[PDB]
Amino acid sequence: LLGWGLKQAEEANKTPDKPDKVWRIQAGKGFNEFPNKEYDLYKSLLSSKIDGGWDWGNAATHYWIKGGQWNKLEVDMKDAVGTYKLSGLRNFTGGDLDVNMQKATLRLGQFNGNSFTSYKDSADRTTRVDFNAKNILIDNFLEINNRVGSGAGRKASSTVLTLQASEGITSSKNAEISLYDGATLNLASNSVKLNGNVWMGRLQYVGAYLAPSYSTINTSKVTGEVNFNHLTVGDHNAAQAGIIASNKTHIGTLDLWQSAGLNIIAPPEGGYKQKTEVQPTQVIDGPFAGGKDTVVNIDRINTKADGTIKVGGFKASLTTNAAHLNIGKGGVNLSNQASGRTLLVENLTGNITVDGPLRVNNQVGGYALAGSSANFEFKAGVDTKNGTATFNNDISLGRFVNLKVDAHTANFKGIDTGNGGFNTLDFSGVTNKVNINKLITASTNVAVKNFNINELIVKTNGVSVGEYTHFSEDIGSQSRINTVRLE
Amino acid sequence: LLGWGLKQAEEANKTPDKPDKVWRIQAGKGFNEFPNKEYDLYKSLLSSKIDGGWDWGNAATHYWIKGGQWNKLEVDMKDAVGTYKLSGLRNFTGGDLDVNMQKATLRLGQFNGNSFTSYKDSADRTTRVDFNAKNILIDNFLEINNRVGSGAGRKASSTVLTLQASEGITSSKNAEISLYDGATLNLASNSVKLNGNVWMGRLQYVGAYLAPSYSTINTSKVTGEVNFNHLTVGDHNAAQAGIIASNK
C-alpha cells in the first residue's frame, strides 16, 4: 500500500541486526589442496553449527543457527579450492550467514532446492544471507522468504540474499528463482545470465490475494552483461516488483500479472557514488533520470490475465528510467478477460522503440468484446518531454482495442483499425509531430493536434452506419495529408 | 478566564518537548533535477514514517509519527526543486514536524483540506509544526487544533503551526483557515495576502459554549505587506483572539 519506491528506499539503509553469540568457523587445512574434490557445505562443514528440527505447527523441516534465530555465524575459507554444493537446505530460518569462499566454485543445486526465510519476531529481523564465491551456478530452484510451515505457525518477516561471485552467475533451465513478499537479492558478479524462471512475487500463503508483496533484484554491481531470460511478476495479487539494473538489461519473455507493477531503474549519469535518541539518516530517492547509455532491450512482453471481474481494469505497468526502451521482434501480447485488461508501457525520461506486432489474446488481429476494452498505452519521455515513441513495425488492431501515446514525437509505419472498428486511437499528449505512414480506419476516434499522414486509406464499415473516421480535436496549422484515397 | 495577554505570553517561551526517537529523513537525488514535476509529500515521502490508523472512539482518520505521538521527525531537502502538495492530511496528531524545503514551492491544498492537532496527554504536549518552503499558497481549508474524533475519545491540547516561506503566502477564496481553542500560528514570508475566511476561535466541541478558546496569528516576521481579507473571531462562545502584527 506504501509503494515500492518507499520500501526499497527504507530497506536500503538499515543496521543489519544486534546478534549475540557471533560464531566463527574457519576451514583450515585439507580443503585447500584438491581442486576438483566435489565437497559439500552442509554435511561437510555447515552442519556443525546449524541445527535441524521440527516447528510444532504444520512444518516439514526447520533450520536455525544455534539456540535461536538471533545468532550470527560466519565461514571464512579464503583459500579453499574445488567445487561445492548446498543441496537441500530447506526452510532455513537462521540469520546472518556469510560464507566467504574465495577461489571456490559454488553450486546451490543438487537433487534438491533451497530456501532462505526469516521469522516475524517482535524484533523485526532480517537474514542478510551472503555468499562470496567465484562462480555460483544456482542450477536448481531457490525460494527466498518462503512459507516456512504451511500457513499457520510463525509468520515470515523480510530477508536479504546477496550473491557476490567474481566470474559469473549462470543458471539451469529448471532453476525457478522465486522470491516472495519481502525478499530482495543483490548480484555482484560479471555477466549474470539467469536462464531460468525468475519469479518476483508469489502467494506467500494459500489464499492471501491482497498482500502488497514487494521484491527487488538489485543487480547494481554487475560490471558485465546482465541477461535475464524469463521473468514473472505477480501471482494472483497486486505485487509491485522492481529492478535497479546496471544500464544494460537484455531480457526475454516477460509475464506480468493483471495488477502487477515493474520498475526497471537505470543508474544515474556518473553511476552510483528518559533520553532523546537519534535515528540514522534515511536518505530517500525520487524518480531520477537515467544516464546516456542506458539500454533495456525487453524483447517480449506477455501477460497472464484471468480471475474475477472488477469495476475497472487492473493496469499492469512497467516503468523505465533508461534512455532507451527497445522492444524487439516478440512484440506486445495482452491476455484479456471479460473486463478490460490494460497495460502501461511507461518511460519516464527516455525513449520507446517498439519493433514488434501488438497482439492481444495471442493473435495479431485480436477482437475483443464491448466490456473488454483492451488499452495499449505508451509514455515516451514524460518528465523531459523530448522522448520519441517510434513504432517501426506495422501494428494491427482488432475491435475494442485502444492505442494511446502521450509523447513528444510519435513516429509510425502503419496502423490497421479498419478490420475491427471501435478503436480510440488517441494522441492527446503528443507535443508536435505524428508521422503515420499508413492509416486504415472503420470507426476510429483519432485525436491528433499535429501530424503529416503521407498516405491515408479510409475504408467503410460494411453495411451498418454510425461507424466512421472521426477527428475529435483541433487539427492545427502545420497538419498535412499527402495522399487521401477513399475506397 | 485568565486572559489572552497571559496566555500568549506564557506560550511565548517554552521548551518544545522531550522527544525520544528523533527520526531523520533526507531527500537525496532525484528530487533536485525536475523544476516542474508536481510531486506529493505524503505518498511520495512522508508516508514512510507517518502511519495512519483508527482511533477507537468516534474517529474518521488518525495520524501520528511512529509508535506514539512523542517522536520528533524532520525532512531536510534543502535543494529539492519543483512544486508539491500535502492534499489530505486530516486529523494529524503527530508531533514535531519540520519540513525544511529550500527553493521548493508548496501547496497545502489539493482536493482535500488539512488538520494539525495534538492530544491532551499527562505531559501537556505541543506540535510545533514547521514549514520552510519558498512559496506556500494554502489554496484549500486548514484546521489547526481541531476536534480529532467526534467529541469523545481523547481531548485536544495546544499546538503551533509555523509557516516561514521566503517569497509570499497567498491563499484561495475557499481556503477557510480556522484555528481553534488552543492554536497559534506564525508567518515569516513577505507580503502575506490571505484572501480567505480566516476564522480565529471556533466551537471545539458540539455544545461547549463556555470555552475560553484563545488564538494567535503572530505575523511578527512579515517584512512585506500584510493584507488580510476576511476575519471572523468567535463562534457562539467568548473567544479572545489576538494578532501581533508588523506595523501594517
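What counts as what
- Residues numbered from 1 in each chain as written, not as in the entry; some residues may be left out.
- Chains lettered and ligands numbered in written order.
- Part of a larger assembly, values for the part shown.
- Heavy atoms only, no water.
- Helix = DSSP H or I, 4+ residues; strand = E, 2+ residues; numbered from the N terminus.
- Rg over C-alpha atoms; globule rule 2.2 N^0.38 Å.
- Contact = heavy atoms within 4.5 Å.
- Areas by Shrake-Rupley, 256 points an atom, 1.4 Å probe, with all protein chains shown as cover.
- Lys, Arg positive; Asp, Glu negative; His and termini not counted.
- Charge placed at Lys NZ, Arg CZ, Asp CG, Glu CD.
- Core = buried A, V, L, I, M, F, W, Y, C linked by side-chain atoms within 4.5 Å.
- Buried < 20%, exposed > 50% of the residue type's maximum accessible area, 1.4 Å probe, protein only.
- Buried area = accessible area lost by both parts, 1.4 Å probe.
- Salt bridge = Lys/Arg side-chain N within 4 Å of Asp/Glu carboxyl O.
- Polar contact = N/O pair within 3.5 Å; in protein donor to acceptor, adjacent residues only side chain to side chain.
- Pairing = 2+ DSSP bridges.
- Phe/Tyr/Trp six-rings, centres within 6.5 Å; stacked < 30°, edge-to-face > 60°.
- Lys NZ or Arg CZ within 6 Å of the ring centre and 35° of its normal.

Listed as the method for this PDB entry is cryo-EM; the listed resolution is 3.6 Å.

Concerning the overall build of chain B
The number of helices and strands found in chain B is one helix and 11 strands. Tracing chain B from N to C terminus, the helices and strands come up as α-β-β-β-β-β-β-β-β-β-β-β. Against the globule reference of 18 Å for 248 residues, chain B gives a C-alpha radius of gyration of 17 Å, in line with a compact fold. The C-alpha extent of chain B, read off along each of the three principal axes, is 55 × 45 × 35 Å. Pairs at least 24 apart in sequence give 77% of the contacts found in chain B among residues at least 6 apart. A total of about 10,900 Å² of accessible surface is found on chain B, and carbon and sulfur atoms cover 51% of it. In chain B, the 28 positive side-chain charges and the 24 negative ones have mean positions that sit 2 Å from each other.

Notes on the nonpolar core
It is characteristic of soluble globular proteins that their nonpolar side chains tend to be buried jointly. Core analysis: the biggest nonpolar cluster contains 105 residues, and A:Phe116, A:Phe378, A:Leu403, A:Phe412 and A:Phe427 have the highest contact counts within it. Judged by nonpolar contacts, the second largest core, of 54 residues, contains B:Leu41, B:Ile136, B:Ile138 and B:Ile177.

Examining the interface of chain A and chain B
Accessible area lost upon the coming together of the parts is a frequently used measure of interface size. Counting from both sides, the interface comprises 23 residues of chain A and, opposite them, 23 residues of chain B. Of the roughly 2,100 Å² buried between chain A and chain B on both sides combined, carbon and sulfur atoms contribute 54%. In this structure, the connection of chain A to chain B is made through two salt bridges. Its salt-bridge partner being A:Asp285, residue B:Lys29 comes within 3.6 Å of it at the nearest N-O pair. At the surface where chain A touches chain B, the tally comes to 14 residue pairs in polar contact.

Things to note about the sheet that holds strand β30 (residues 456-458) of chain A
Residues and elements named next belong to chain A. One open sheet holds the four strands; their spatial order is β27-β29-β30-β31, and the pairing between them is parallel. The sheet terminates laterally at β27 (415-416) and β31 (484-486), the two strands that pair on one side only. Across two bridges, the pairing between β27 and strand β29 (residues 439-441) is parallel. Bridge assignment links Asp416 to a residue of β29, and that residue is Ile440.

Examining the packing of aromatic side chains
One pass over the structure, following the stated rule, counts 16 aromatic pairs over all chains. Arranged with centres 6.3 Å apart and planes meeting at 65°, the rings of A:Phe116 and A:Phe131 form a pair that is edge-to-face. Linking A:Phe116 in strand β3 (residues 114-116) with A:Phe131 in strand β4 (residues 129-131), this pair joins segments that are 15 residues apart in sequence. Judged by relative accessible area, which is 1%, A:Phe116 ranks as buried. A:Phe131 sits in the buried class, given a relative accessible area of 2%. Put simply, the rings of A:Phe378, A:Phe391, A:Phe412 and A:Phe427 pair up and form one aromatic cluster. The aromatic ring of A:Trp199 is capped on one face by A:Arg202, whose charged end is 4.8 Å from the ring centroid. Directly above the aromatic system of A:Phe288 lies the positively charged group of B:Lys29, at a separation of 3.8 Å from the ring centroid.

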